[PDB]
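Participant: Input: one structure, supplied below.
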Ligand SMILES: CCCCCC(=O)O
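Residue numbers (full-length UniProt numbering): 14 to 415.
Here you go:
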């Protein structure tokens, strides 16, 4: 970080054509949002951030008197110091990493996992040219392995050759007493694979289900793998690799996919109908948004910035970008027309998720044998997350521990 005291601020990184800058101004004026980033308060708490410390972090960010790229956007304090998003979140990470040295075992481990998450959030949404975020992502990764090393649970980092690079994946096991059923898990384009420790700790592990995390192409450890129309590519290779991994029962493999991670799992559940025993997706952009250019052009700048990054765009034309993403729809690709899959897929999203409509999940569910879509209604978002996850583990319990 010392080399990055004056690093270029996140919201200013992505270059847009002047006609596209004019569209961004329209969007910003119409939505009037107080933050550049889409704030995921409830998601981050669900993942393990303490609500009180998160508010303290967000308050120091929003209260700052330091100069912002755009004063409308509270999280755009420029440079690595008080008020900066990366700076303030990394501070919380370092505080966990401090408490970790004065704990041992089952607390030290958990403190480091907490730290990892804070560092990941510090880098969110992980724009590729973001110097502060790159460093945050390094800390996120080193903290995860240090937590893993301290845990009573077993976490192995695998490197699986594929196309002259290696796919980096994390295998979480309760033990190695016998080969265990396993779920391959991927989150969306602005998460890191290390952001799902509680999925394993609080849910999968209680059933001795191993968790194997993977980054989608262009994301995290898979940054060097271009996001193409065959975006399930890396998961298929990781699936084919499970035969050589004796710690897992390759006859009992499932898939969990959040956001765009969900598209890849569905894709895979049509491609490998014998090897995949169960699939569950939450909040996946199956078709609707991808196929709506007019909706893509009206998205907050943070989403367009993430898209430009993952697609390796140097300079962005929004109209062109919006037209290009249609190819990512699983309907446009032909997976949702006639062919059924033997894989039972449970497909959920929260009520009124504009990224994942019930209609999207209904499509998927129909083309799955013993499949099922759900529109999760709840009073709070946390309750929706928790219901969804309870339904997920039951599905995996029923189909994987069969
Ligand atoms: C805006 C929809 C595209 C991104 C979905 C994701 O976060 O994975």
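We put the beta carbon where it would ideally sit given N, CA and C, even for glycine.
Name the DSSP beta bridge partners of residue 271, please?
Facilitator: Note: residue 271 sits in a beta bridge opposite 295.
Participant: Rounding to the nearest angstrom, what Cα-Cα distance links residue 199 and residue 177 in this structure?
Facilitator: If I take the Cα positions, the gap works out to 22 Å.
Participant: Would you say residue 201 touches ligand 2, meaning its beta carbon is less than 7 Å from a heavy atom?
Facilitator: Ligand 2 is absent from the structure shown, which contains only ligand 1.
Participant: Considering only the alpha carbon of each residue, which of 383, 127, 297 and 96 lies closest to residue 355?
Facilitator: Closest option to residue 355, Cα to Cα, is 383.
Participant: With residue 299 and residue 376 assumed to form a contact (beta carbons below 8 Å), what rounded beta-carbon distance in angstroms separates them?
Facilitator: Yes, residue 299 and residue 376 are in contact; Cβ-Cβ is about 6 Å, under 8 Å.
Participant: For the candidate residues 163, 18 and 23, whose alpha-carbon lies nearest to that of residue 319?
Facilitator: It is 23 whose Cα lies nearest to the Cα of residue 319.
Participant: Compute the beta-carbon to beta-carbon distance between residue 87 and residue 48, rounded to the nearest angstrom, for a pair I have assumed lies under 8 Å.
Facilitator: Contact holds; Cβ gap of about 6 Å.
Participant: Only counting the same chain, and skipping five residues up and downstream in sequence, which positions put a Cβ closer than 7 Å to that of residue 372?
Facilitator: Result list for residue 372: 301, in chain order.
Participant: Assign residue 170 to one of two classes, buried (16 or more other C-beta atoms within 10 Å of its C-beta) or exposed (fewer than that).
Facilitator: Exposed, because fewer than 16 other Cβ atoms sit within 10 Å of the Cβ of residue 170.
Participant: Taking the continuous alpha helix (DSSP H) assigned at residue 319, which residues delimit it?
Facilitator: That run of the alpha helix (DSSP H) goes 314-323.
Participant: Could you pull the start and end residues of the alpha helix (DSSP H) that residue 121 belongs to?
Facilitator: 121-136 is the span of the alpha helix (DSSP H), which, as asked, contains residue 121.
Participant: Are there three or more Cβ pairs, one per stretch, closer than 8 Å when the segment 356-363 is compared with the segment 329-339?
Facilitator: In short, these stretches do not touch, since the Cβ pair count stays below three.
Participant: Going by Cα to Cα distance, which pick from 226, 152 and 393 is closest to residue 14?
Facilitator: Of 226, 152 and 393, the residue nearest in Cα terms is 152.
Participant: Can you find a heavy atom of ligand 1 that lies under 7 Å from the Cβ of residue 46?
Facilitator: It does not: the Cβ of residue 46 is nowhere closer than 7 Å to a heavy atom of ligand 1.
Participant: In angstroms with no decimal places, state the Cα-to-Cα distance between residue 265 and residue 212.
Facilitator: Approximately 18 Å between the Cα atoms of the pair.
Participant: At a cut-off of 7 Å, is residue 58 close to ligand 1 when judged by its beta-carbon and the heavy atoms of the ligand?
Facilitator: No, since every heavy atom of ligand 1 falls outside the 7 Å radius drawn around the Cβ of residue 58.
Participant: Spatial neighbours of residue 140 within its chain, please: CB distance less than 8 Å, with the 5 preceding and 5 following residues excluded, ordered by chain position.
Facilitator: Closer than 8 Å at the Cβ level, and outside the excluded window around residue 140, lie 23, 26, 27, 146, 318, 319 and 322.
Participant: Could you name each continuous beta strand (DSSP E) segment of 3 residues or more that falls completely within the segment 221-261, going from the start of the chain to the end?
Facilitator: Those beta strand (DSSP E) runs which fall completely within the segment 221-261 and span 3+ residues are 223-227.
Participant: Pick helix, strand or coil for residue 285, following the three-state DSSP scheme.
Facilitator: The answer is coil: DSSP assigns residue 285 none of H, G, I, E or B.
Participant: Classify residue 118 as buried or exposed, calling it buried when 16 or more other Cβ atoms lie within 10 Å of its own Cβ.
Facilitator: By the 10 Å Cβ count, residue 118 comes out exposed.
Participant: Taking 7 Å as the line, does the beta carbon of residue 168 fall inside it for any heavy atom of ligand 1?
Facilitator: No.
Participant: Please report the straight-line C-alpha distance between residue 420 and residue 116, rounded to a whole angstrom.
Facilitator: Since the first residue shown for the chain is 14 and the last is 415, residue 420 is missing from the structure and cannot be characterised.
Participant: Suppose contacts are defined by Cβ-Cβ distances below 8 Å. Is residue 67 in contact with residue 57 by that definition?
Facilitator: Contact: yes.
Participant: Count the other CB atoms, across all protein chains shown, that sit within 10 Å of the CB of residue 174; report buried if there are 16 or more and exposed otherwise.
Facilitator: The residue is exposed, with fewer than 16 neighbouring Cβ atoms inside 10 Å.
Participant: Within the continuous alpha helix (DSSP H) that includes residue 162, where are the two ends?
Facilitator: Per DSSP, residue 162 belongs to the alpha helix (DSSP H) from 144-163.
Participant: DSSP on residue 376, reduced to helix/strand/coil?
Facilitator: Three-state result, residue 376: helix.
Participant: When you measure from the CB of residue 316 to every non-hydrogen atom of ligand 1, does any distance come out below 7 Å?
Facilitator: Flag set: Cβ of residue 316 near ligand 1.
Participant: Could you tell me whether the segment 213-231 touches the segment 75-83, using the rule of 3 or more Cβ pairs below 8 Å?
Facilitator: Cβ pair count under 8 Å is below three, so no.
Participant: Please report the distance separating the alpha-carbon of residue 109 from that of residue 149.
Facilitator: Cα to Cα, residue 109 sits roughly 14 Å from residue 149.
Participant: Could you name the residues that DSSP lists as bridge partners for residue 172?
Facilitator: Per DSSP, 181.
Participant: Taking DSSP's pairing of strands, which residues face residue 49 in a bridge?
Facilitator: None; residue 49 has no bridge partner.
Participant: For the segment 152-165 and the segment 235-255, state whether three or more C-beta atom pairs, one from each stretch, are separated by less than 8 Å.
Facilitator: Output reads no: the segment 235-255 does not touch the segment 152-165.
Participant: Measure from the alpha carbon of residue 182 to the alpha carbon of each residue in 124, 251 and 193, then state which is nearest.
Facilitator: Cα-wise, what sits closest to residue 182 is 251.
Participant: Say the cut is 7 Å; is the CB of residue 368 nearer than that to a heavy atom of ligand 1?
Facilitator: True, at least one ligand heavy atom lies under 7 Å from that Cβ.
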